[PDB]
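Peer 1: For reference, the file input_34.pdb (PDB, C-alpha atoms) is included below:
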```
ATOM      1  CA  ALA A   1    -141.194-131.774-141.425  1.00  0.00           C
ATOM      2  CA  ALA A   2    -139.451-129.673-138.777  1.00  0.00           C
ATOM      3  CA  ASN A   3    -136.166-129.918-140.640  1.00  0.00           C
ATOM      4  CA  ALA A   4    -137.722-130.009-144.086  1.00  0.00           C
ATOM      5  CA  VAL A   5    -136.410-126.443-144.138  1.00  0.00           C
ATOM      6  CA  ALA A   6    -133.371-127.623-146.091  1.00  0.00           C
ATOM      7  CA  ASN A   7    -134.983-125.626-148.907  1.00  0.00           C
ATOM      8  CA  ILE A   8    -131.917-123.403-148.507  1.00  0.00           C
ATOM      9  CA  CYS A   9    -130.261-126.023-150.695  1.00  0.00           C
ATOM     10  CA  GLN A  10    -132.671-124.956-153.444  1.00  0.00           C
ATOM     11  CA  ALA A  11    -132.091-121.301-152.518  1.00  0.00           C
ATOM     12  CA  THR A  12    -128.339-121.605-152.992  1.00  0.00           C
ATOM     13  CA  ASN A  13    -129.173-123.613-156.105  1.00  0.00           C
ATOM     14  CA  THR A  14    -131.149-120.620-157.337  1.00  0.00           C
ATOM     15  CA  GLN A  15    -128.189-118.387-156.471  1.00  0.00           C
ATOM     16  CA  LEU A  16    -125.708-120.575-158.373  1.00  0.00           C
ATOM     17  CA  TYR A  17    -128.066-120.934-161.344  1.00  0.00           C
ATOM     18  CA  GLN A  18    -128.231-117.139-161.359  1.00  0.00           C
ATOM     19  CA  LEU A  19    -124.449-116.956-161.306  1.00  0.00           C
ATOM     20  CA  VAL A  20    -124.465-119.150-164.410  1.00  0.00           C
ATOM     21  CA  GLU A  21    -127.162-117.037-166.077  1.00  0.00           C
ATOM     22  CA  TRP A  22    -125.270-113.870-165.190  1.00  0.00           C
ATOM     23  CA  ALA A  23    -122.108-115.289-166.752  1.00  0.00           C
ATOM     24  CA  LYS A  24    -123.991-116.376-169.874  1.00  0.00           C
ATOM     25  CA  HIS A  25    -125.385-112.860-170.334  1.00  0.00           C
ATOM     26  CA  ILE A  26    -121.899-111.371-170.071  1.00  0.00           C
ATOM     27  CA  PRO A  27    -120.714-110.252-173.551  1.00  0.00           C
ATOM     28  CA  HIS A  28    -118.440-112.714-175.389  1.00  0.00           C
ATOM     29  CA  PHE A  29    -118.746-115.314-172.609  1.00  0.00           C
ATOM     30  CA  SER A  30    -121.154-117.608-174.460  1.00  0.00           C
ATOM     31  CA  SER A  31    -118.999-117.238-177.573  1.00  0.00           C
ATOM     32  CA  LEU A  32    -115.991-119.083-176.139  1.00  0.00           C
ATOM     33  CA  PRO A  33    -116.122-122.918-175.917  1.00  0.00           C
ATOM     34  CA  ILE A  34    -118.159-124.701-173.241  1.00  0.00           C
ATOM     35  CA  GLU A  35    -115.144-126.357-171.582  1.00  0.00           C
ATOM     36  CA  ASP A  36    -113.612-122.903-171.144  1.00  0.00           C
ATOM     37  CA  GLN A  37    -116.885-121.586-169.700  1.00  0.00           C
ATOM     38  CA  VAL A  38    -117.102-124.411-167.177  1.00  0.00           C
ATOM     39  CA  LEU A  39    -113.452-123.968-166.183  1.00  0.00           C
ATOM     40  CA  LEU A  40    -113.871-120.205-165.738  1.00  0.00           C
ATOM     41  CA  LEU A  41    -117.041-120.547-163.660  1.00  0.00           C
ATOM     42  CA  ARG A  42    -115.560-123.332-161.543  1.00  0.00           C
ATOM     43  CA  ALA A  43    -112.420-121.278-160.923  1.00  0.00           C
ATOM     44  CA  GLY A  44    -114.196-118.010-160.163  1.00  0.00           C
ATOM     45  CA  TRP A  45    -117.495-118.682-158.387  1.00  0.00           C
ATOM     46  CA  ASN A  46    -116.150-117.803-154.922  1.00  0.00           C
ATOM     47  CA  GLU A  47    -114.816-114.340-155.779  1.00  0.00           C
ATOM     48  CA  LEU A  48    -117.844-113.664-157.994  1.00  0.00           C
ATOM     49  CA  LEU A  49    -120.377-114.603-155.326  1.00  0.00           C
ATOM     50  CA  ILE A  50    -118.572-112.705-152.577  1.00  0.00           C
ATOM     51  CA  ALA A  51    -118.304-109.667-154.853  1.00  0.00           C
ATOM     52  CA  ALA A  52    -122.041-109.691-155.534  1.00  0.00           C
ATOM     53  CA  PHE A  53    -122.987-110.354-151.892  1.00  0.00           C
ATOM     54  CA  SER A  54    -120.587-107.761-150.495  1.00  0.00           C
ATOM     55  CA  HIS A  55    -121.964-105.232-152.967  1.00  0.00           C
ATOM     56  CA  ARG A  56    -125.463-106.115-151.753  1.00  0.00           C
ATOM     57  CA  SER A  57    -124.426-105.768-148.110  1.00  0.00           C
ATOM     58  CA  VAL A  58    -123.680-102.056-148.464  1.00  0.00           C
ATOM     59  CA  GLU A  59    -127.104-100.989-147.183  1.00  0.00           C
ATOM     60  CA  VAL A  60    -126.744-103.101-144.029  1.00  0.00           C
ATOM     61  CA  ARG A  61    -124.380-102.869-141.063  1.00  0.00           C
ATOM     62  CA  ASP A  62    -122.253-105.713-139.690  1.00  0.00           C
ATOM     63  CA  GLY A  63    -123.824-108.265-142.015  1.00  0.00           C
ATOM     64  CA  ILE A  64    -123.732-109.960-145.409  1.00  0.00           C
ATOM     65  CA  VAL A  65    -126.888-110.554-147.440  1.00  0.00           C
ATOM     66  CA  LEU A  66    -126.980-113.836-149.358  1.00  0.00           C
ATOM     67  CA  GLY A  67    -130.316-113.859-151.176  1.00  0.00           C
ATOM     68  CA  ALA A  68    -134.077-113.728-150.634  1.00  0.00           C
ATOM     69  CA  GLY A  69    -134.414-113.171-146.891  1.00  0.00           C
ATOM     70  CA  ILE A  70    -130.997-114.349-145.750  1.00  0.00           C
ATOM     71  CA  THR A  71    -128.690-111.924-143.963  1.00  0.00           C
ATOM     72  CA  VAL A  72    -125.775-113.459-142.065  1.00  0.00           C
ATOM     73  CA  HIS A  73    -124.663-111.333-139.119  1.00  0.00           C
ATOM     74  CA  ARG A  74    -121.308-111.097-137.328  1.00  0.00           C
ATOM     75  CA  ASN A  75    -122.357-113.230-134.346  1.00  0.00           C
ATOM     76  CA  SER A  76    -123.586-116.079-136.556  1.00  0.00           C
ATOM     77  CA  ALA A  77    -120.389-115.860-138.602  1.00  0.00           C
ATOM     78  CA  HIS A  78    -118.057-115.971-135.605  1.00  0.00           C
ATOM     79  CA  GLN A  79    -120.126-118.866-134.311  1.00  0.00           C
ATOM     80  CA  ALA A  80    -119.701-120.596-137.686  1.00  0.00           C
ATOM     81  CA  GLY A  81    -115.943-120.355-137.179  1.00  0.00           C
ATOM     82  CA  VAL A  82    -115.302-117.844-139.954  1.00  0.00           C
ATOM     83  CA  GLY A  83    -115.581-114.502-138.166  1.00  0.00           C
ATOM     84  CA  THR A  84    -112.156-113.602-139.560  1.00  0.00           C
ATOM     85  CA  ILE A  85    -113.248-113.857-143.191  1.00  0.00           C
ATOM     86  CA  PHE A  86    -116.523-112.120-142.312  1.00  0.00           C
ATOM     87  CA  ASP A  87    -114.780-109.096-140.793  1.00  0.00           C
ATOM     88  CA  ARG A  88    -112.290-109.140-143.665  1.00  0.00           C
ATOM     89  CA  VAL A  89    -115.145-108.999-146.181  1.00  0.00           C
ATOM     90  CA  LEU A  90    -116.878-106.251-144.202  1.00  0.00           C
ATOM     91  CA  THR A  91    -113.734-104.109-144.009  1.00  0.00           C
ATOM     92  CA  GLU A  92    -112.079-104.470-147.419  1.00  0.00           C
ATOM     93  CA  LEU A  93    -115.153-104.777-149.646  1.00  0.00           C
ATOM     94  CA  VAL A  94    -118.508-103.730-148.184  1.00  0.00           C
ATOM     95  CA  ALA A  95    -116.803-100.751-146.579  1.00  0.00           C
ATOM     96  CA  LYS A  96    -114.793 -99.978-149.734  1.00  0.00           C
ATOM     97  CA  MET A  97    -117.784-100.294-152.072  1.00  0.00           C
ATOM     98  CA  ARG A  98    -119.869 -98.121-149.736  1.00  0.00           C
ATOM     99  CA  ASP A  99    -117.196 -95.410-149.426  1.00  0.00           C
ATOM    100  CA  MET A 100    -116.629 -95.373-153.187  1.00  0.00           C
ATOM    101  CA  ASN A 101    -120.355 -95.412-153.958  1.00  0.00           C
ATOM    102  CA  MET A 102    -119.450 -98.216-156.360  1.00  0.00           C
ATOM    103  CA  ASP A 103    -122.296 -98.891-158.796  1.00  0.00           C
ATOM    104  CA  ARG A 104    -123.622-102.119-160.301  1.00  0.00           C
ATOM    105  CA  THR A 105    -121.921-101.610-163.668  1.00  0.00           C
ATOM    106  CA  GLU A 106    -118.506-101.119-162.063  1.00  0.00           C
ATOM    107  CA  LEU A 107    -119.199-104.235-160.000  1.00  0.00           C
ATOM    108  CA  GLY A 108    -120.307-106.000-163.159  1.00  0.00           C
ATOM    109  CA  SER A 109    -117.048-104.950-164.796  1.00  0.00           C
ATOM    110  CA  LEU A 110    -114.864-106.203-161.948  1.00  0.00           C
ATOM    111  CA  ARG A 111    -116.767-109.488-161.830  1.00  0.00           C
ATOM    112  CA  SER A 112    -116.375-109.650-165.616  1.00  0.00           C
ATOM    113  CA  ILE A 113    -112.629-109.357-165.068  1.00  0.00           C
ATOM    114  CA  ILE A 114    -112.697-112.113-162.447  1.00  0.00           C
ATOM    115  CA  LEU A 115    -114.754-114.359-164.734  1.00  0.00           C
ATOM    116  CA  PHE A 116    -112.424-113.802-167.692  1.00  0.00           C
ATOM    117  CA  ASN A 117    -109.337-115.344-166.085  1.00  0.00           C
ATOM    118  CA  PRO A 118    -106.660-116.546-168.558  1.00  0.00           C
ATOM    119  CA  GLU A 119    -104.539-118.019-165.766  1.00  0.00           C
ATOM    120  CA  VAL A 120    -106.783-121.025-165.122  1.00  0.00           C
ATOM    121  CA  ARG A 121    -105.499-124.453-166.133  1.00  0.00           C
ATOM    122  CA  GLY A 122    -106.833-126.467-169.072  1.00  0.00           C
ATOM    123  CA  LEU A 123    -108.141-123.395-170.856  1.00  0.00           C
ATOM    124  CA  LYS A 124    -108.313-123.971-174.603  1.00  0.00           C
ATOM    125  CA  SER A 125    -108.863-120.367-175.683  1.00  0.00           C
ATOM    126  CA  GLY A 126    -106.595-118.717-173.135  1.00  0.00           C
ATOM    127  CA  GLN A 127    -105.542-115.845-175.395  1.00  0.00           C
ATOM    128  CA  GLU A 128    -109.168-115.206-176.377  1.00  0.00           C
ATOM    129  CA  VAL A 129    -110.082-115.071-172.683  1.00  0.00           C
ATOM    130  CA  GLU A 130    -107.247-112.587-172.133  1.00  0.00           C
ATOM    131  CA  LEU A 131    -108.209-110.033-174.820  1.00  0.00           C
ATOM    132  CA  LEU A 132    -111.835-110.105-173.652  1.00  0.00           C
ATOM    133  CA  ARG A 133    -110.598-109.144-170.208  1.00  0.00           C
ATOM    134  CA  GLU A 134    -108.666-106.319-171.889  1.00  0.00           C
ATOM    135  CA  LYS A 135    -111.920-105.222-173.524  1.00  0.00           C
ATOM    136  CA  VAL A 136    -113.528-105.130-170.082  1.00  0.00           C
ATOM    137  CA  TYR A 137    -110.500-103.089-168.967  1.00  0.00           C
ATOM    138  CA  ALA A 138    -110.923-100.488-171.710  1.00  0.00           C
ATOM    139  CA  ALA A 139    -114.698-100.291-171.286  1.00  0.00           C
ATOM    140  CA  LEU A 140    -114.288 -99.810-167.537  1.00  0.00           C
ATOM    141  CA  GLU A 141    -111.656 -97.094-167.934  1.00  0.00           C
ATOM    142  CA  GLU A 142    -113.984 -95.312-170.355  1.00  0.00           C
ATOM    143  CA  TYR A 143    -116.863 -95.714-167.898  1.00  0.00           C
ATOM    144  CA  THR A 144    -114.912 -94.242-164.982  1.00  0.00           C
ATOM    145  CA  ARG A 145    -113.750 -91.490-167.327  1.00  0.00           C
ATOM    146  CA  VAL A 146    -117.241 -90.396-168.379  1.00  0.00           C
ATOM    147  CA  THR A 147    -119.051 -91.082-165.086  1.00  0.00           C
ATOM    148  CA  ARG A 148    -116.422 -89.791-162.659  1.00  0.00           C
ATOM    149  CA  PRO A 149    -114.430 -87.221-164.665  1.00  0.00           C
ATOM    150  CA  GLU A 150    -113.287 -85.588-161.412  1.00  0.00           C
ATOM    151  CA  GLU A 151    -111.980 -88.818-159.862  1.00  0.00           C
ATOM    152  CA  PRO A 152    -108.980 -89.582-162.115  1.00  0.00           C
ATOM    153  CA  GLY A 153    -107.660 -92.314-159.819  1.00  0.00           C
ATOM    154  CA  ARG A 154    -110.911 -94.256-159.584  1.00  0.00           C
ATOM    155  CA  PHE A 155    -109.983 -96.825-162.244  1.00  0.00           C
ATOM    156  CA  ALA A 156    -106.990 -98.114-160.276  1.00  0.00           C
ATOM    157  CA  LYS A 157    -109.131 -97.930-157.128  1.00  0.00           C
ATOM    158  CA  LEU A 158    -111.645-100.305-158.716  1.00  0.00           C
ATOM    159  CA  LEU A 159    -108.862-102.557-159.963  1.00  0.00           C
ATOM    160  CA  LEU A 160    -107.364-102.710-156.459  1.00  0.00           C
ATOM    161  CA  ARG A 161    -110.412-104.585-155.173  1.00  0.00           C
ATOM    162  CA  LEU A 162    -109.347-107.559-157.306  1.00  0.00           C
ATOM    163  CA  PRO A 163    -106.313-108.687-155.269  1.00  0.00           C
ATOM    164  CA  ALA A 164    -108.412-108.342-152.109  1.00  0.00           C
ATOM    165  CA  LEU A 165    -111.125-110.490-153.686  1.00  0.00           C
ATOM    166  CA  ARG A 166    -108.321-112.916-154.518  1.00  0.00           C
ATOM    167  CA  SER A 167    -106.876-113.143-151.000  1.00  0.00           C
ATOM    168  CA  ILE A 168    -110.328-113.426-149.448  1.00  0.00           C
ATOM    169  CA  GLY A 169    -111.397-115.834-152.184  1.00  0.00           C
ATOM    170  CA  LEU A 170    -108.457-118.003-151.138  1.00  0.00           C
ATOM    171  CA  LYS A 171    -109.464-117.705-147.481  1.00  0.00           C
ATOM    172  CA  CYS A 172    -112.955-118.675-148.440  1.00  0.00           C
ATOM    173  CA  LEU A 173    -112.001-122.291-149.140  1.00  0.00           C
ATOM    174  CA  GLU A 174    -112.039-122.800-145.440  1.00  0.00           C
ATOM    175  CA  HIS A 175    -115.446-123.111-146.894  1.00  0.00           C
ATOM    176  CA  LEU A 176    -118.031-120.516-146.167  1.00  0.00           C
ATOM    177  CA  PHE A 177    -120.578-123.250-146.718  1.00  0.00           C
ATOM    178  CA  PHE A 178    -120.637-122.998-142.921  1.00  0.00           C
ATOM    179  CA  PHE A 179    -123.880-121.099-143.444  1.00  0.00           C
ATOM    180  CA  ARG A 180    -125.827-124.238-144.218  1.00  0.00           C
ATOM    181  CA  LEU A 181    -126.041-123.747-140.470  1.00  0.00           C
ATOM    182  CA  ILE A 182    -129.065-121.677-141.484  1.00  0.00           C
ATOM    183  CA  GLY A 183    -130.687-125.071-142.109  1.00  0.00           C
ATOM    184  CA  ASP A 184    -131.348-125.397-138.385  1.00  0.00           C
ATOM    185  CA  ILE A 185    -131.934-121.803-137.242  1.00  0.00           C
ATOM    186  CA  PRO A 186    -135.389-121.348-138.795  1.00  0.00           C
ATOM    187  CA  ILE A 187    -136.297-124.475-136.780  1.00  0.00           C
ATOM    188  CA  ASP A 188    -134.678-123.134-133.602  1.00  0.00           C
ATOM    189  CA  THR A 189    -136.542-119.824-134.023  1.00  0.00           C
ATOM    190  CA  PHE A 190    -139.580-121.967-134.911  1.00  0.00           C
ATOM    191  CA  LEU A 191    -139.379-123.654-131.515  1.00  0.00           C
ATOM    192  CA  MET A 192    -139.211-120.400-129.766  1.00  0.00           C
ATOM    193  CA  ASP A 193    -141.676-119.676-132.587  1.00  0.00           C
ATOM    194  CA  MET A 194    -143.467-117.206-130.353  1.00  0.00           C
ATOM    195  CA  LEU A 195    -143.529-113.622-129.084  1.00  0.00           C
ATOM    196  CA  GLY A 196    -144.376-112.485-132.633  1.00  0.00           C
TER
END
```
Could you render the structure from this file as structure tokens?

Peer 2:
Amino acid sequence: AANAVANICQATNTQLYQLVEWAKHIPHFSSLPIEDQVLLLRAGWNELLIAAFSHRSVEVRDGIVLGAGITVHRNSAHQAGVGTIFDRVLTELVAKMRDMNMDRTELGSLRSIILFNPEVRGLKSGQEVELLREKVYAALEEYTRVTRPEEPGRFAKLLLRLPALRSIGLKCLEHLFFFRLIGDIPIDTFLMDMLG
């Protein structure tokens, strides 16, 4: 009962389910075959999740928000053994998104680009995946054109977050599942449960 606080499994389950639901609600995603969908999600969930989280972590300092009440800080991350990736995320994404005042539709567009990846193996409708990504490209360029008419180089500046998300997404896969470690911090701060 003291470590029945593995509910975080169900929290991350909620998060993943919501990744799936987000993908499904992305235009033209549910139109392509199911095998392709599964392959795309399986190949992209890291970069997608870190993009969302890092965009959420703009309003906080030296931390990454993960969901309901979870906010991983730098100390906890370094203690988890992934302080490098944490700082990297904080510097090249959270910082960047904050400085650019990057909105949720731009983020949605970039994540749409990540999701629609024609380079993944076993893809049946590879070409179809590719010219949906190109649609996202055009739509995004139009968006940056009409929303930031005085920032002509903003499109490329959005697109430049992608290789960073790639490098970091490859460095995650020294798995940042190291924050299951939350599973036993609620209990530790429930032992020193006091001094309200």

Peer 1: Check which residues of segment 58-159 of chain A sit at most 9 Å from segment 30-45 of chain A using all atoms listed in the file, and return one row each with the closest pair of atoms and their distance in Å to one decimal, ordered by chain and rising number, as JSON lines.

Peer 2:
```
{"residue": "A:114", "atom": "CA", "partner": "A:44", "partner_atom": "CA", "distance": 6.5}
{"residue": "A:115", "atom": "CA", "partner": "A:44", "partner_atom": "CA", "distance": 5.9}
{"residue": "A:116", "atom": "CA", "partner": "A:40", "partner_atom": "CA", "distance": 6.8}
{"residue": "A:117", "atom": "CA", "partner": "A:40", "partner_atom": "CA", "distance": 6.7}
{"residue": "A:118", "atom": "CA", "partner": "A:40", "partner_atom": "CA", "distance": 8.6}
{"residue": "A:120", "atom": "CA", "partner": "A:43", "partner_atom": "CA", "distance": 7.0}
{"residue": "A:121", "atom": "CA", "partner": "A:39", "partner_atom": "CA", "distance": 8.0}
{"residue": "A:122", "atom": "CA", "partner": "A:39", "partner_atom": "CA", "distance": 7.6}
{"residue": "A:123", "atom": "CA", "partner": "A:36", "partner_atom": "CA", "distance": 5.5}
{"residue": "A:124", "atom": "CA", "partner": "A:36", "partner_atom": "CA", "distance": 6.4}
{"residue": "A:125", "atom": "CA", "partner": "A:36", "partner_atom": "CA", "distance": 7.0}
{"residue": "A:126", "atom": "CA", "partner": "A:36", "partner_atom": "CA", "distance": 8.4}
{"residue": "A:128", "atom": "CA", "partner": "A:32", "partner_atom": "CA", "distance": 7.9}
{"residue": "A:129", "atom": "CA", "partner": "A:32", "partner_atom": "CA", "distance": 7.9}
```

Peer 1: Counting only C-alpha atoms, write as an mmCIF file with C-alpha atoms, keeping the file's coordinate frame all protein and nucleic acid residues lying at most 12 Å from (-122.5, -103.8, -160.2) in the file's frame.

Peer 2:
```
data_model
loop_
_atom_site.group_PDB
_atom_site.id
_atom_site.type_symbol
_atom_site.label_atom_id
_atom_site.label_comp_id
_atom_site.auth_asym_id
_atom_site.auth_seq_id
_atom_site.Cartn_x
_atom_site.Cartn_y
_atom_site.Cartn_z
ATOM 1 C CA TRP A 22 -125.270 -113.870 -165.190
ATOM 2 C CA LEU A 48 -117.844 -113.664 -157.994
ATOM 3 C CA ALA A 51 -118.304 -109.667 -154.853
ATOM 4 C CA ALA A 52 -122.041 -109.691 -155.534
ATOM 5 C CA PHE A 53 -122.987 -110.354 -151.892
ATOM 6 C CA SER A 54 -120.587 -107.761 -150.495
ATOM 7 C CA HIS A 55 -121.964 -105.232 -152.967
ATOM 8 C CA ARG A 56 -125.463 -106.115 -151.753
ATOM 9 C CA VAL A 58 -123.680 -102.056 -148.464
ATOM 10 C CA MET A 97 -117.784 -100.294 -152.072
ATOM 11 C CA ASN A 101 -120.355 -95.412 -153.958
ATOM 12 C CA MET A 102 -119.450 -98.216 -156.360
ATOM 13 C CA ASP A 103 -122.296 -98.891 -158.796
ATOM 14 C CA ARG A 104 -123.622 -102.119 -160.301
ATOM 15 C CA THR A 105 -121.921 -101.610 -163.668
ATOM 16 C CA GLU A 106 -118.506 -101.119 -162.063
ATOM 17 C CA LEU A 107 -119.199 -104.235 -160.000
ATOM 18 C CA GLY A 108 -120.307 -106.000 -163.159
ATOM 19 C CA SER A 109 -117.048 -104.950 -164.796
ATOM 20 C CA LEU A 110 -114.864 -106.203 -161.948
ATOM 21 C CA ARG A 111 -116.767 -109.488 -161.830
ATOM 22 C CA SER A 112 -116.375 -109.650 -165.616
ATOM 23 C CA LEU A 140 -114.288 -99.810 -167.537
ATOM 24 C CA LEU A 158 -111.645 -100.305 -158.716
#
```

Peer 1: Kindly indicate which residue among A:149, A:11, A:92, A:49 lies nearest to residue 23 of chain A, using only C-alpha atoms for the distances.

Peer 2: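 Distance minimum relative to residue 23 of chain A lands on A:49.
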
Peer 1: Show me, as a CSV table (one decimal) with C-alpha atoms, in the frame of the given file, the residues that have an atom within 7 Å of segment 76-86 of chain A when counting all atoms listed in the file, minus same-chain residues fewer than 6 positions from it.

Peer 2:
```
chain,number,residue,atom,x,y,z
A,168,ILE,CA,-110.3,-113.4,-149.4
A,171,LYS,CA,-109.5,-117.7,-147.5
A,178,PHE,CA,-120.6,-123.0,-142.9
```

Peer 1: Grab the atom CA of residue 166 of chain A to atom CA of residue 119 of chain A distance for me, in Å with one decimal place.

Peer 2: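 A separation of 12.9 Å between them.
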
Peer 1: One decimal, in Å: what's the spacing between atom CA of residue 170 of chain A and atom CA of residue 50 of chain A?

Peer 2: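 Spanning atom CA of residue 170 of chain A to atom CA of residue 50 of chain A is a straight-line distance of 11.5 Å.
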
Peer 1: Taking the file as I've supplied it (selection: the PyMOL selection byres ((chain A and resi 62) around 12)), which residues are included? Please answer as a PyMOL selection string.

Peer 2: chain A and resi 54+57-61+63-65+71-78+83+86-91+94-95

Peer 1: What is the distance, in Å and to one decimal place, between atom CA of residue 134 of chain A and atom CA of residue 96 of chain A?

Peer 2: 23.8 Å

Peer 1: Here is a test: counting only C-alpha atoms, which residue of A:67, A:100, A:145, A:152 is nearest to residue 12 of chain A?

Peer 2: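 Comparing A:67, A:100, A:145, A:152 against residue 12 of chain A, the winner is A:67.
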
Peer 1: Nearest residue to residue 138 of chain A out of A:187, A:162, A:182, A:113, using all atoms listed in the file?

Peer 2: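 Result for the nearest residue to residue 138 of chain A: A:113.
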
Peer 1: With 4 Å added on each side, what axis-aligned box encloses every listed atom of segment 52-59 of chain A? Give the centre and edge lengths in Å to one decimal, as JSON.

Peer 2:
```
{"center_x": -123.8, "center_y": -105.7, "center_z": -151.4, "size_x": 14.5, "size_y": 17.4, "size_z": 16.4}
```
